[PDB]
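Structure below is query-v3.txt: compact mmCIF, N, CA and C atoms and all ligand atoms.
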# COMPACT_ATOMS: atom_id res chain seq x y z
N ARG A 1 -3.43 -11.93 -12.62
CA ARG A 1 -4.24 -11.85 -11.38
C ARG A 1 -3.50 -11.08 -10.28
N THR A 2 -4.14 -10.03 -9.74
CA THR A 2 -3.66 -9.37 -8.51
C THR A 2 -3.75 -10.36 -7.34
N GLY A 3 -2.60 -10.90 -6.94
CA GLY A 3 -2.54 -12.04 -6.01
C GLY A 3 -3.09 -11.81 -4.62
N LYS A 4 -3.22 -12.91 -3.87
CA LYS A 4 -3.65 -12.88 -2.47
C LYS A 4 -2.69 -12.09 -1.59
N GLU A 5 -1.40 -12.19 -1.90
CA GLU A 5 -0.36 -11.59 -1.10
C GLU A 5 -0.48 -10.07 -1.05
N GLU A 6 -0.97 -9.48 -2.13
CA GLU A 6 -1.08 -8.04 -2.24
C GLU A 6 -2.24 -7.51 -1.41
N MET A 7 -3.31 -8.29 -1.31
CA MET A 7 -4.57 -7.81 -0.71
C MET A 7 -4.74 -8.18 0.76
N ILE A 8 -4.23 -9.34 1.15
CA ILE A 8 -4.48 -9.87 2.48
C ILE A 8 -3.79 -9.01 3.55
N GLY A 9 -4.55 -8.63 4.57
CA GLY A 9 -4.03 -7.78 5.64
C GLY A 9 -4.39 -6.31 5.51
N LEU A 10 -4.78 -5.88 4.31
CA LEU A 10 -5.15 -4.47 4.09
C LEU A 10 -6.47 -4.10 4.77
N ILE A 11 -6.64 -2.81 5.04
CA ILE A 11 -7.89 -2.27 5.56
C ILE A 11 -8.67 -1.62 4.42
N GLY A 12 -9.99 -1.75 4.46
CA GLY A 12 -10.87 -1.08 3.52
C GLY A 12 -12.12 -0.55 4.19
N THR A 13 -13.00 0.05 3.40
CA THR A 13 -14.22 0.62 3.93
C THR A 13 -15.35 0.08 3.09
N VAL A 14 -16.42 -0.35 3.76
CA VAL A 14 -17.60 -0.83 3.05
C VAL A 14 -18.23 0.35 2.32
N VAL A 15 -18.45 0.19 1.01
CA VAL A 15 -19.13 1.19 0.20
C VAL A 15 -20.54 0.72 -0.18
N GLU A 16 -20.74 -0.59 -0.21
CA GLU A 16 -22.07 -1.18 -0.34
C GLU A 16 -22.21 -2.34 0.64
N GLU A 17 -23.17 -2.23 1.56
CA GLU A 17 -23.35 -3.17 2.67
C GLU A 17 -23.05 -4.62 2.32
N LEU A 18 -22.24 -5.25 3.18
CA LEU A 18 -21.92 -6.67 3.08
C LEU A 18 -22.99 -7.48 3.80
N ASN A 19 -23.84 -8.16 3.03
CA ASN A 19 -24.99 -8.85 3.61
C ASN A 19 -25.29 -10.27 3.13
N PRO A 20 -24.28 -11.19 3.10
CA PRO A 20 -22.87 -11.08 3.50
C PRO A 20 -21.98 -10.56 2.37
N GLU A 21 -22.53 -10.49 1.15
CA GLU A 21 -21.81 -10.00 -0.03
C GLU A 21 -22.09 -8.52 -0.33
N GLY A 22 -21.10 -7.84 -0.88
CA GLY A 22 -21.22 -6.41 -1.17
C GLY A 22 -19.97 -5.86 -1.84
N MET A 23 -19.65 -4.62 -1.51
CA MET A 23 -18.64 -3.88 -2.22
C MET A 23 -17.79 -3.10 -1.22
N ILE A 24 -16.46 -3.17 -1.35
CA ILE A 24 -15.57 -2.38 -0.49
C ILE A 24 -14.56 -1.56 -1.29
N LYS A 25 -14.05 -0.50 -0.66
CA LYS A 25 -12.97 0.27 -1.25
C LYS A 25 -11.68 -0.05 -0.51
N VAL A 26 -10.69 -0.55 -1.24
CA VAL A 26 -9.38 -0.82 -0.67
C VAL A 26 -8.35 -0.12 -1.53
N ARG A 27 -7.54 0.72 -0.87
CA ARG A 27 -6.70 1.73 -1.53
C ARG A 27 -7.65 2.66 -2.30
N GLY A 28 -7.50 2.76 -3.61
CA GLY A 28 -8.44 3.55 -4.39
C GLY A 28 -9.46 2.70 -5.11
N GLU A 29 -9.25 1.38 -5.10
CA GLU A 29 -10.01 0.45 -5.93
C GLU A 29 -11.30 -0.03 -5.28
N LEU A 30 -12.33 -0.19 -6.11
CA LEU A 30 -13.54 -0.87 -5.69
C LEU A 30 -13.36 -2.37 -5.86
N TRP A 31 -13.75 -3.13 -4.83
CA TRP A 31 -13.71 -4.59 -4.87
C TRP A 31 -15.02 -5.23 -4.41
N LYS A 32 -15.35 -6.37 -5.02
CA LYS A 32 -16.38 -7.25 -4.49
C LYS A 32 -15.83 -7.83 -3.20
N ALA A 33 -16.68 -7.97 -2.20
CA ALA A 33 -16.26 -8.47 -0.90
C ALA A 33 -17.35 -9.28 -0.23
N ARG A 34 -16.94 -10.14 0.70
CA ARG A 34 -17.83 -11.05 1.41
C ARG A 34 -17.33 -11.14 2.85
N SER A 35 -18.21 -10.93 3.83
CA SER A 35 -17.79 -11.07 5.22
C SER A 35 -17.64 -12.54 5.56
N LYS A 36 -16.57 -12.88 6.28
CA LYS A 36 -16.28 -14.28 6.58
C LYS A 36 -17.29 -14.96 7.49
N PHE A 37 -17.72 -14.28 8.56
CA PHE A 37 -18.64 -14.90 9.52
C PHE A 37 -19.94 -14.14 9.62
N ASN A 38 -19.81 -12.82 9.82
CA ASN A 38 -20.93 -11.91 10.06
C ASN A 38 -21.99 -11.98 8.97
N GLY A 39 -23.24 -11.91 9.38
CA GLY A 39 -24.35 -11.87 8.44
C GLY A 39 -24.44 -10.54 7.70
N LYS A 40 -23.91 -9.48 8.31
CA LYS A 40 -24.08 -8.10 7.81
C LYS A 40 -23.04 -7.10 8.35
N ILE A 41 -22.27 -6.50 7.44
CA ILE A 41 -21.37 -5.40 7.78
C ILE A 41 -21.79 -4.13 7.02
N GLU A 42 -22.02 -3.05 7.75
CA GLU A 42 -22.71 -1.86 7.24
C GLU A 42 -21.82 -0.93 6.42
N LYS A 43 -22.45 -0.10 5.59
CA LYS A 43 -21.78 0.92 4.81
C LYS A 43 -20.98 1.88 5.71
N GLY A 44 -19.75 2.18 5.31
CA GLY A 44 -18.88 3.04 6.10
C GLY A 44 -18.02 2.31 7.12
N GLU A 45 -18.38 1.08 7.48
CA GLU A 45 -17.57 0.29 8.43
C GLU A 45 -16.19 -0.05 7.87
N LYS A 46 -15.20 -0.08 8.75
CA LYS A 46 -13.84 -0.52 8.42
C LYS A 46 -13.72 -2.04 8.49
N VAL A 47 -13.11 -2.63 7.47
CA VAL A 47 -12.91 -4.08 7.42
C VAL A 47 -11.45 -4.43 7.17
N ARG A 48 -11.09 -5.66 7.53
CA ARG A 48 -9.75 -6.19 7.33
C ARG A 48 -9.82 -7.31 6.28
N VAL A 49 -8.91 -7.32 5.32
CA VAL A 49 -8.89 -8.37 4.30
C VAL A 49 -8.15 -9.61 4.82
N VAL A 50 -8.83 -10.75 4.90
CA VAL A 50 -8.25 -11.96 5.50
C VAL A 50 -7.97 -13.09 4.51
N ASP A 51 -8.64 -13.05 3.36
CA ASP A 51 -8.48 -14.06 2.31
C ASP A 51 -9.03 -13.53 0.99
N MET A 52 -8.91 -14.34 -0.06
CA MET A 52 -9.44 -13.99 -1.37
C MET A 52 -10.01 -15.21 -2.06
N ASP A 53 -11.16 -15.02 -2.70
CA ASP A 53 -11.88 -16.05 -3.43
C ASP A 53 -12.08 -15.54 -4.85
N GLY A 54 -11.21 -15.96 -5.76
CA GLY A 54 -11.20 -15.38 -7.10
C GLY A 54 -10.91 -13.89 -6.98
N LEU A 55 -11.82 -13.07 -7.48
CA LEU A 55 -11.72 -11.62 -7.36
C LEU A 55 -12.56 -11.04 -6.21
N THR A 56 -13.08 -11.91 -5.34
CA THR A 56 -13.88 -11.47 -4.20
C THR A 56 -13.02 -11.47 -2.92
N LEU A 57 -12.93 -10.32 -2.26
CA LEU A 57 -12.19 -10.21 -0.99
C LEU A 57 -13.02 -10.73 0.18
N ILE A 58 -12.39 -11.54 1.03
CA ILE A 58 -13.04 -12.05 2.24
C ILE A 58 -12.52 -11.23 3.40
N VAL A 59 -13.44 -10.70 4.19
CA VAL A 59 -13.14 -9.66 5.16
C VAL A 59 -13.83 -9.98 6.48
N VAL A 60 -13.25 -9.48 7.57
CA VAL A 60 -13.92 -9.39 8.87
C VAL A 60 -13.99 -7.90 9.20
N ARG A 61 -14.91 -7.48 10.07
CA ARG A 61 -14.85 -6.09 10.51
C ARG A 61 -13.63 -5.87 11.37
N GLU A 62 -13.05 -4.69 11.25
CA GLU A 62 -11.85 -4.34 11.97
C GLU A 62 -12.11 -4.46 13.49
N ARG A 63 -11.16 -5.05 14.21
CA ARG A 63 -11.27 -5.18 15.67
C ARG A 63 -11.11 -3.85 16.40
N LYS A 64 -11.86 -3.70 17.50
CA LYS A 64 -11.91 -2.49 18.34
C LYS A 64 -12.17 -1.23 17.52
N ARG B 1 -13.61 -25.90 21.38
CA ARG B 1 -12.63 -25.22 20.49
C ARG B 1 -12.83 -23.71 20.50
N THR B 2 -11.78 -22.95 20.82
CA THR B 2 -11.76 -21.49 20.61
C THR B 2 -11.84 -21.20 19.11
N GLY B 3 -13.01 -20.78 18.64
CA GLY B 3 -13.32 -20.70 17.21
C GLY B 3 -12.49 -19.73 16.39
N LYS B 4 -12.63 -19.83 15.08
CA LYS B 4 -11.99 -18.92 14.13
C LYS B 4 -12.43 -17.47 14.32
N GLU B 5 -13.70 -17.30 14.66
CA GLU B 5 -14.30 -15.99 14.78
C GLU B 5 -13.63 -15.15 15.86
N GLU B 6 -13.15 -15.81 16.91
CA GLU B 6 -12.55 -15.12 18.05
C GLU B 6 -11.15 -14.63 17.71
N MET B 7 -10.44 -15.38 16.87
CA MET B 7 -9.01 -15.12 16.63
C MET B 7 -8.73 -14.28 15.38
N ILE B 8 -9.54 -14.46 14.35
CA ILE B 8 -9.28 -13.84 13.06
C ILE B 8 -9.41 -12.31 13.14
N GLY B 9 -8.40 -11.61 12.64
CA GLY B 9 -8.39 -10.15 12.68
C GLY B 9 -7.55 -9.56 13.80
N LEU B 10 -7.24 -10.36 14.82
CA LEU B 10 -6.43 -9.88 15.95
C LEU B 10 -4.97 -9.64 15.56
N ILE B 11 -4.30 -8.78 16.32
CA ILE B 11 -2.87 -8.54 16.18
C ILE B 11 -2.12 -9.32 17.26
N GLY B 12 -0.95 -9.83 16.91
CA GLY B 12 -0.07 -10.49 17.86
C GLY B 12 1.38 -10.13 17.61
N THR B 13 2.27 -10.72 18.41
CA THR B 13 3.69 -10.44 18.29
C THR B 13 4.38 -11.78 18.22
N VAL B 14 5.32 -11.91 17.29
CA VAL B 14 6.11 -13.13 17.18
C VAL B 14 6.98 -13.25 18.42
N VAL B 15 6.90 -14.40 19.10
CA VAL B 15 7.75 -14.70 20.25
C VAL B 15 8.80 -15.75 19.89
N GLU B 16 8.50 -16.57 18.89
CA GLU B 16 9.48 -17.48 18.31
C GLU B 16 9.36 -17.44 16.79
N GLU B 17 10.44 -17.04 16.12
CA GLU B 17 10.47 -16.79 14.67
C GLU B 17 9.60 -17.76 13.86
N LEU B 18 8.78 -17.17 12.98
CA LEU B 18 7.96 -17.92 12.04
C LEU B 18 8.77 -18.22 10.79
N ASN B 19 9.16 -19.48 10.62
CA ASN B 19 10.07 -19.84 9.53
C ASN B 19 9.75 -21.11 8.73
N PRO B 20 8.49 -21.27 8.23
CA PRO B 20 7.31 -20.40 8.31
C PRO B 20 6.48 -20.64 9.58
N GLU B 21 6.80 -21.71 10.31
CA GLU B 21 6.11 -22.06 11.56
C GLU B 21 6.85 -21.56 12.80
N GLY B 22 6.09 -21.24 13.84
CA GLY B 22 6.67 -20.70 15.07
C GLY B 22 5.61 -20.44 16.13
N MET B 23 5.82 -19.39 16.91
CA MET B 23 5.04 -19.14 18.09
C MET B 23 4.71 -17.65 18.18
N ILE B 24 3.45 -17.31 18.45
CA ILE B 24 3.07 -15.91 18.64
C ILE B 24 2.30 -15.68 19.94
N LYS B 25 2.33 -14.44 20.42
CA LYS B 25 1.52 -14.06 21.56
C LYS B 25 0.35 -13.22 21.07
N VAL B 26 -0.87 -13.69 21.34
CA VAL B 26 -2.06 -12.93 21.00
C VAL B 26 -2.91 -12.81 22.25
N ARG B 27 -3.23 -11.56 22.60
CA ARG B 27 -3.75 -11.19 23.92
C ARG B 27 -2.68 -11.59 24.94
N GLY B 28 -3.01 -12.47 25.88
CA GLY B 28 -2.00 -12.94 26.81
C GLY B 28 -1.49 -14.33 26.46
N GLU B 29 -2.16 -14.98 25.50
CA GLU B 29 -1.95 -16.39 25.20
C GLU B 29 -0.83 -16.64 24.20
N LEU B 30 -0.08 -17.72 24.44
CA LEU B 30 0.85 -18.22 23.45
C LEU B 30 0.12 -19.12 22.46
N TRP B 31 0.38 -18.91 21.17
CA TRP B 31 -0.19 -19.74 20.11
C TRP B 31 0.85 -20.23 19.11
N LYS B 32 0.64 -21.44 18.59
CA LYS B 32 1.36 -21.90 17.42
C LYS B 32 0.86 -21.06 16.26
N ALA B 33 1.77 -20.70 15.36
CA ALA B 33 1.43 -19.85 14.22
C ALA B 33 2.26 -20.19 13.00
N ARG B 34 1.72 -19.83 11.83
CA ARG B 34 2.34 -20.12 10.54
C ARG B 34 2.10 -18.92 9.63
N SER B 35 3.14 -18.38 9.02
CA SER B 35 2.95 -17.27 8.10
C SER B 35 2.34 -17.78 6.80
N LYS B 36 1.37 -17.05 6.28
CA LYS B 36 0.64 -17.50 5.09
C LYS B 36 1.49 -17.56 3.81
N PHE B 37 2.31 -16.54 3.56
CA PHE B 37 3.10 -16.50 2.32
C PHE B 37 4.58 -16.47 2.60
N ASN B 38 4.97 -15.54 3.49
CA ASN B 38 6.36 -15.26 3.82
C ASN B 38 7.12 -16.49 4.28
N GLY B 39 8.37 -16.60 3.86
CA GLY B 39 9.23 -17.69 4.29
C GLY B 39 9.67 -17.53 5.74
N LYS B 40 9.67 -16.29 6.25
CA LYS B 40 10.24 -15.96 7.56
C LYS B 40 9.74 -14.62 8.15
N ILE B 41 9.09 -14.69 9.31
CA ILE B 41 8.73 -13.49 10.08
C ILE B 41 9.44 -13.52 11.44
N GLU B 42 10.17 -12.45 11.73
CA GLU B 42 11.14 -12.42 12.84
C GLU B 42 10.52 -12.19 14.21
N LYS B 43 11.26 -12.58 15.25
CA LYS B 43 10.87 -12.35 16.64
C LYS B 43 10.64 -10.86 16.91
N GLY B 44 9.56 -10.54 17.61
CA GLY B 44 9.21 -9.16 17.90
C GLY B 44 8.34 -8.49 16.85
N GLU B 45 8.28 -9.04 15.64
CA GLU B 45 7.42 -8.47 14.58
C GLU B 45 5.93 -8.58 14.92
N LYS B 46 5.17 -7.58 14.51
CA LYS B 46 3.71 -7.58 14.63
C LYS B 46 3.06 -8.33 13.46
N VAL B 47 2.11 -9.21 13.78
CA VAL B 47 1.39 -9.97 12.76
C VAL B 47 -0.11 -9.83 12.91
N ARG B 48 -0.83 -10.11 11.83
CA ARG B 48 -2.28 -10.07 11.79
C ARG B 48 -2.80 -11.50 11.61
N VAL B 49 -3.81 -11.90 12.39
CA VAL B 49 -4.38 -13.24 12.25
C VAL B 49 -5.42 -13.27 11.12
N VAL B 50 -5.19 -14.10 10.10
CA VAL B 50 -6.06 -14.10 8.90
C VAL B 50 -6.89 -15.38 8.74
N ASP B 51 -6.47 -16.45 9.40
CA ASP B 51 -7.16 -17.75 9.34
C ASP B 51 -6.70 -18.63 10.48
N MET B 52 -7.28 -19.83 10.57
CA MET B 52 -6.89 -20.80 11.58
C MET B 52 -6.93 -22.21 11.01
N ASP B 53 -5.92 -23.00 11.36
CA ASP B 53 -5.77 -24.37 10.93
C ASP B 53 -5.64 -25.22 12.19
N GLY B 54 -6.75 -25.83 12.62
CA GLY B 54 -6.78 -26.50 13.91
C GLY B 54 -6.49 -25.48 14.99
N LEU B 55 -5.44 -25.72 15.77
CA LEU B 55 -4.99 -24.79 16.79
C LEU B 55 -3.81 -23.91 16.34
N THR B 56 -3.50 -23.94 15.04
CA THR B 56 -2.41 -23.13 14.50
C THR B 56 -2.97 -21.86 13.83
N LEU B 57 -2.53 -20.70 14.29
CA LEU B 57 -2.95 -19.42 13.69
C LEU B 57 -2.17 -19.13 12.41
N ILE B 58 -2.89 -18.72 11.36
CA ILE B 58 -2.27 -18.32 10.09
C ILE B 58 -2.25 -16.81 10.06
N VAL B 59 -1.07 -16.26 9.78
CA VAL B 59 -0.81 -14.85 10.00
C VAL B 59 -0.06 -14.29 8.80
N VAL B 60 -0.22 -12.99 8.57
CA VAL B 60 0.66 -12.21 7.69
C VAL B 60 1.32 -11.16 8.58
N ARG B 61 2.46 -10.61 8.17
CA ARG B 61 2.99 -9.48 8.94
C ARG B 61 2.09 -8.27 8.77
N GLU B 62 1.97 -7.50 9.84
CA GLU B 62 1.12 -6.33 9.84
C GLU B 62 1.58 -5.35 8.73
N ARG B 63 0.62 -4.80 7.99
CA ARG B 63 0.93 -3.82 6.95
C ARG B 63 1.39 -2.47 7.50
N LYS B 64 2.33 -1.84 6.77
CA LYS B 64 2.96 -0.56 7.13
C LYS B 64 3.51 -0.56 8.56
NA NA C 101 -21.43 -16.22 6.01
NA NA C 102 4.56 -20.86 3.10
Whole structure given in structure tokens:
Amino acid sequence: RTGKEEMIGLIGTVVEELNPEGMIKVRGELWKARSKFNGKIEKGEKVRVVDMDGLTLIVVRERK
Amino acid sequence: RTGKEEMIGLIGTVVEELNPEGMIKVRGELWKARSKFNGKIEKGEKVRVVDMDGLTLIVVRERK
């Protein structure tokens, strides 16, 4: 398993809208992702990785 | 309660070494903080807020 320690804190870009679940690109890799609070994070938006649920990244939109 | 949504994703600076518990400054406020994985994050280091445990911020050191 690619651990939590490797992913948490990284920035990615939404490639498939998080509504609240979707798809993000982090480094070169595609990942399943879920926004922590927001109902919807749009394609192209920058997100921050804050946790991990199995192979699903939990993200908030990047601040400012 | 100042919710998780307000704090998660923000950057702060360690004001009292996280070993793993300590003190950080986020915005103008002093907060209790705990590093998520690391055994020790030093004074002056930049951290990212990834979660919250009561009034204690859970942080990783800022990437790159
Ligand atoms: Na949600
Ligand atoms: Na620990």
Give the centre and edge lengths of an axis-aligned box, in Å to one decimal, that holds all listed atoms of stretch 27-39 of chain B with 4 Å on each side, as JSON.
{"center_x": 3.0, "center_y": -16.5, "center_z": 14.6, "size_x": 21.4, "size_y": 18.7, "size_z": 32.5}
Contact residues (chain A, partner chain B, 6.5 Å, only N, CA and C atoms) as a list in words: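 That gives the following set of residues: residues 9, 49, 50, 51 and 63 of chain A.
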Contacts of residue A:42 within 7 Å, only N, CA and C atoms, excl. fewer than 4 positions in-chain, as a list in words: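 Using only N, CA and C atoms, the neighbours found are residues 14, 15, 16, 17 and 18 of chain A.
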Backbone-only DSSP, strand (DSSP E or B) members of chain A, as JSON, numbers by chain: {"A": [11, 12, 13, 14, 15, 16, 18, 21, 22, 23, 24, 25, 26, 29, 30, 31, 32, 33, 34, 35, 41, 46, 47, 48, 49, 50, 51, 52, 53, 56, 57, 58, 59, 60, 61]}
Take chain B, superimpose it onto chain A by least squares using every C-alpha atom paired in sequence order, and output the result as a CSV table (one decimal) with N, CA and C atoms, keeping the file's coordinate frame.
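Listing of out.csv after writing:
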chain,number,residue,atom,x,y,z
B,1,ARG,N,-3.4,-11.9,-12.6
B,1,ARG,CA,-4.2,-11.9,-11.4
B,1,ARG,C,-3.5,-11.1,-10.3
B,2,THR,N,-4.1,-10.0,-9.7
B,2,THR,CA,-3.7,-9.4,-8.5
B,2,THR,C,-3.7,-10.4,-7.3
B,3,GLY,N,-2.6,-10.9,-6.9
B,3,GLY,CA,-2.5,-12.0,-6.0
B,3,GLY,C,-3.1,-11.8,-4.6
B,4,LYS,N,-3.2,-12.9,-3.9
B,4,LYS,CA,-3.6,-12.9,-2.5
B,4,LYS,C,-2.7,-12.1,-1.6
B,5,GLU,N,-1.4,-12.2,-1.9
B,5,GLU,CA,-0.4,-11.6,-1.1
B,5,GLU,C,-0.5,-10.1,-1.1
B,6,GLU,N,-1.0,-9.5,-2.1
B,6,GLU,CA,-1.1,-8.0,-2.2
B,6,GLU,C,-2.2,-7.5,-1.4
B,7,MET,N,-3.3,-8.3,-1.3
B,7,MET,CA,-4.6,-7.8,-0.7
B,7,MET,C,-4.7,-8.2,0.8
B,8,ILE,N,-4.2,-9.3,1.1
B,8,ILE,CA,-4.5,-9.9,2.5
B,8,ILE,C,-3.8,-9.0,3.6
B,9,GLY,N,-4.6,-8.6,4.6
B,9,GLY,CA,-4.0,-7.8,5.6
B,9,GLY,C,-4.4,-6.3,5.5
B,10,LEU,N,-4.8,-5.9,4.3
B,10,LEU,CA,-5.2,-4.5,4.1
B,10,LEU,C,-6.5,-4.1,4.8
B,11,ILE,N,-6.6,-2.8,5.0
B,11,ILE,CA,-7.9,-2.3,5.6
B,11,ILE,C,-8.7,-1.6,4.4
B,12,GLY,N,-10.0,-1.7,4.5
B,12,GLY,CA,-10.9,-1.1,3.5
B,12,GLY,C,-12.1,-0.5,4.2
B,13,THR,N,-13.0,0.0,3.4
B,13,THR,CA,-14.2,0.6,3.9
B,13,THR,C,-15.3,0.1,3.1
B,14,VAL,N,-16.4,-0.4,3.8
B,14,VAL,CA,-17.6,-0.8,3.0
B,14,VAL,C,-18.2,0.3,2.3
B,15,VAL,N,-18.5,0.2,1.0
B,15,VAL,CA,-19.1,1.2,0.2
B,15,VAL,C,-20.5,0.7,-0.2
B,16,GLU,N,-20.7,-0.6,-0.2
B,16,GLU,CA,-22.1,-1.2,-0.3
B,16,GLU,C,-22.2,-2.3,0.6
B,17,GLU,N,-23.2,-2.2,1.6
B,17,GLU,CA,-23.4,-3.2,2.7
B,17,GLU,C,-23.1,-4.6,2.3
B,18,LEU,N,-22.2,-5.3,3.2
B,18,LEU,CA,-21.9,-6.7,3.1
B,18,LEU,C,-23.0,-7.5,3.8
B,19,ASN,N,-23.8,-8.2,3.0
B,19,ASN,CA,-25.0,-8.9,3.6
B,19,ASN,C,-25.3,-10.3,3.1
B,20,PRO,N,-24.3,-11.2,3.1
B,20,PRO,CA,-22.9,-11.1,3.5
B,20,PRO,C,-22.0,-10.6,2.4
B,21,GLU,N,-22.5,-10.5,1.2
B,21,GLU,CA,-21.8,-10.0,0.0
B,21,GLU,C,-22.1,-8.5,-0.3
B,22,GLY,N,-21.1,-7.8,-0.9
B,22,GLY,CA,-21.2,-6.4,-1.2
B,22,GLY,C,-20.0,-5.9,-1.8
B,23,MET,N,-19.6,-4.6,-1.5
B,23,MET,CA,-18.6,-3.9,-2.2
B,23,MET,C,-17.8,-3.1,-1.2
B,24,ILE,N,-16.5,-3.2,-1.4
B,24,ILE,CA,-15.6,-2.4,-0.5
B,24,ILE,C,-14.6,-1.6,-1.3
B,25,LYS,N,-14.1,-0.5,-0.7
B,25,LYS,CA,-13.0,0.3,-1.2
B,25,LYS,C,-11.7,0.0,-0.5
B,26,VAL,N,-10.7,-0.6,-1.2
B,26,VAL,CA,-9.4,-0.8,-0.7
B,26,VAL,C,-8.3,-0.1,-1.5
B,27,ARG,N,-7.5,0.7,-0.9
B,27,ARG,CA,-6.7,1.7,-1.5
B,27,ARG,C,-7.6,2.7,-2.3
B,28,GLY,N,-7.5,2.8,-3.6
B,28,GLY,CA,-8.4,3.6,-4.4
B,28,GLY,C,-9.5,2.7,-5.1
B,29,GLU,N,-9.3,1.4,-5.1
B,29,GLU,CA,-10.0,0.4,-5.9
B,29,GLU,C,-11.3,0.0,-5.3
B,30,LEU,N,-12.3,-0.2,-6.1
B,30,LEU,CA,-13.5,-0.9,-5.7
B,30,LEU,C,-13.4,-2.4,-5.9
B,31,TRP,N,-13.8,-3.1,-4.8
B,31,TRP,CA,-13.7,-4.6,-4.9
B,31,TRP,C,-15.0,-5.2,-4.4
B,32,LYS,N,-15.4,-6.4,-5.0
B,32,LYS,CA,-16.4,-7.2,-4.5
B,32,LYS,C,-15.8,-7.8,-3.2
B,33,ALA,N,-16.7,-8.0,-2.2
B,33,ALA,CA,-16.3,-8.5,-0.9
B,33,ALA,C,-17.4,-9.3,-0.2
B,34,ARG,N,-16.9,-10.1,0.7
B,34,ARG,CA,-17.8,-11.0,1.4
B,34,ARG,C,-17.3,-11.1,2.9
B,35,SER,N,-18.2,-10.9,3.8
B,35,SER,CA,-17.8,-11.1,5.2
B,35,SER,C,-17.6,-12.5,5.6
B,36,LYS,N,-16.6,-12.9,6.3
B,36,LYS,CA,-16.3,-14.3,6.6
B,36,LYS,C,-17.3,-15.0,7.5
B,37,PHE,N,-17.7,-14.3,8.6
B,37,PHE,CA,-18.6,-14.9,9.5
B,37,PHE,C,-19.9,-14.1,9.6
B,38,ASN,N,-19.8,-12.8,9.8
B,38,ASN,CA,-20.9,-11.9,10.1
B,38,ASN,C,-22.0,-12.0,9.0
B,39,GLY,N,-23.2,-11.9,9.4
B,39,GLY,CA,-24.4,-11.9,8.4
B,39,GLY,C,-24.4,-10.5,7.7
B,40,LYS,N,-23.9,-9.5,8.3
B,40,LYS,CA,-24.1,-8.1,7.8
B,40,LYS,C,-23.0,-7.1,8.3
B,41,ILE,N,-22.3,-6.5,7.4
B,41,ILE,CA,-21.4,-5.4,7.8
B,41,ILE,C,-21.8,-4.1,7.0
B,42,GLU,N,-22.0,-3.1,7.8
B,42,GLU,CA,-22.7,-1.9,7.2
B,42,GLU,C,-21.8,-0.9,6.4
B,43,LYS,N,-22.5,-0.1,5.6
B,43,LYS,CA,-21.8,0.9,4.8
B,43,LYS,C,-21.0,1.9,5.7
B,44,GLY,N,-19.8,2.2,5.3
B,44,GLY,CA,-18.9,3.0,6.1
B,44,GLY,C,-18.0,2.3,7.1
B,45,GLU,N,-18.4,1.1,7.5
B,45,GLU,CA,-17.6,0.3,8.4
B,45,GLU,C,-16.2,-0.1,7.9
B,46,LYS,N,-15.2,-0.1,8.7
B,46,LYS,CA,-13.8,-0.5,8.4
B,46,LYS,C,-13.7,-2.0,8.5
B,47,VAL,N,-13.1,-2.6,7.5
B,47,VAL,CA,-12.9,-4.1,7.4
B,47,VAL,C,-11.5,-4.4,7.2
B,48,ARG,N,-11.1,-5.7,7.5
B,48,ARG,CA,-9.7,-6.2,7.3
B,48,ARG,C,-9.8,-7.3,6.3
B,49,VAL,N,-8.9,-7.3,5.3
B,49,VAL,CA,-8.9,-8.4,4.3
B,49,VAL,C,-8.1,-9.6,4.8
B,50,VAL,N,-8.8,-10.8,4.9
B,50,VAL,CA,-8.2,-12.0,5.5
B,50,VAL,C,-8.0,-13.1,4.5
B,51,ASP,N,-8.6,-13.0,3.4
B,51,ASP,CA,-8.5,-14.1,2.3
B,51,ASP,C,-9.0,-13.5,1.0
B,52,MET,N,-8.9,-14.3,-0.1
B,52,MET,CA,-9.4,-14.0,-1.4
B,52,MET,C,-10.0,-15.2,-2.1
B,53,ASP,N,-11.2,-15.0,-2.7
B,53,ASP,CA,-11.9,-16.1,-3.4
B,53,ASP,C,-12.1,-15.5,-4.8
B,54,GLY,N,-11.2,-16.0,-5.8
B,54,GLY,CA,-11.2,-15.4,-7.1
B,54,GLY,C,-10.9,-13.9,-7.0
B,55,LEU,N,-11.8,-13.1,-7.5
B,55,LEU,CA,-11.7,-11.6,-7.4
B,55,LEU,C,-12.6,-11.0,-6.2
B,56,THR,N,-13.1,-11.9,-5.3
B,56,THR,CA,-13.9,-11.5,-4.2
B,56,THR,C,-13.0,-11.5,-2.9
B,57,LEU,N,-12.9,-10.3,-2.3
B,57,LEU,CA,-12.2,-10.2,-1.0
B,57,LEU,C,-13.0,-10.7,0.2
B,58,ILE,N,-12.4,-11.5,1.0
B,58,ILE,CA,-13.0,-12.0,2.2
B,58,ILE,C,-12.5,-11.2,3.4
B,59,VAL,N,-13.4,-10.7,4.2
B,59,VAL,CA,-13.1,-9.7,5.2
B,59,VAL,C,-13.8,-10.0,6.5
B,60,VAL,N,-13.3,-9.5,7.6
B,60,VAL,CA,-13.9,-9.4,8.9
B,60,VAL,C,-14.0,-7.9,9.2
B,61,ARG,N,-14.9,-7.5,10.1
B,61,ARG,CA,-14.9,-6.1,10.5
B,61,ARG,C,-13.6,-5.9,11.4
B,62,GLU,N,-13.1,-4.7,11.2
B,62,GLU,CA,-11.8,-4.3,12.0
B,62,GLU,C,-12.1,-4.5,13.5
B,63,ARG,N,-11.2,-5.1,14.2
B,63,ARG,CA,-11.3,-5.2,15.7
B,63,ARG,C,-11.1,-3.8,16.4
B,64,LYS,N,-11.9,-3.7,17.5
B,64,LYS,CA,-11.9,-2.5,18.3
B,64,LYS,C,-12.2,-1.2,17.5
d(atom CA of residue B:19, atom N of residue B:56) in Å: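 The value is 15.2 Å.
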Those in chain A with helix (DSSP H, G or I) from DSSP, as JSON, numbers by chain: {"A": [4, 5, 6, 7]}
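When atom C of residue B:35 is paired with atom C of residue A:53, their separation reads 18.7 Å.
Pairwise distance (atom CA of residue A:55, atom CA of residue A:30) equals 11.0 Å.
Minimum distance to ligand NA 101 (chain C) across A:40, A:1, A:7, A:25 (counting all atoms listed in the file) occurs at A:40.
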